[PDB]
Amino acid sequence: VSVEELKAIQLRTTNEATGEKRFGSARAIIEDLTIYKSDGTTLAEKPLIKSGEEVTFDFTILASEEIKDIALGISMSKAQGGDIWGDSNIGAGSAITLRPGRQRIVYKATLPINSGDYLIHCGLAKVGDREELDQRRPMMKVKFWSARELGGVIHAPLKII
């Protein structure tokens, strides 16, 4: 596959439901992200996440050629304001080299996030001068739900002694 084709995909499959602002050289792209809850259902099948549960991020990354030493980042924010959560393979100490074509990257995180509506952001880059390959802001929406309501975004219910 070629960069021009990827540039076309990048511009076409932009998510307007979230008003996705997408940019990058698109030498490789975040082709798709499927999100699993701990019961094995996808967000598509069931669009909620319970506060504190194990979430799995199933990426498909599509590259026109081999690219070494890339960073694949994921983050979440409220409808407004900066990210409330974010991390990447670089932080986690796992080096990634993209091979030509379609390939699978899987992340996990246990997210103690309070009830509410959030936005998921994803970024692909080569970490020489840094190269932004494919930034997807926001890539999709997600709603969290809890047994009861807390202040803020941290899910940490009090225990009365």
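The first residue of the shown sequence is 1; numbering continues from there.
Novice: Could you bin the unmodelled part of the deposited chain lying between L48 and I49 as none, 1 to 3, 4 to 9, or 10 or more?
Specialist: Missing in between: none.
Novice: Per the entry, where is the mean C-alpha temperature factor higher: 54 to 62 or 40 to 48?
Specialist: According to the entry, 40 to 48 carries the higher average C-alpha B-factor.
Novice: Looking at the entry, does 96 to 104 or 114 to 122 show the higher mean C-alpha B-factor?
Specialist: Looking at the record's C-alpha B-factors, the answer is 96 to 104.
Novice: State the tercile, meaning the lowest, middle or highest third, of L133 with respect to the CA B-factors recorded for its chain.
Specialist: Within its chain, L133 is a middle-third residue by C-alpha B-factor, going by the deposited values.
Novice: Taking only the Cα B-factors deposited for this chain, tell me whether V153 sits in the lowest, middle or highest third.
Specialist: Ranked within chain, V153 CA B lands in the lowest tercile.
Novice: Sort the modelled residues of this chain by their C-alpha B factor and say whether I30 lands in the lowest, middle or highest third.
Specialist: For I30, the deposited C-alpha B-factor lands in the middle third.
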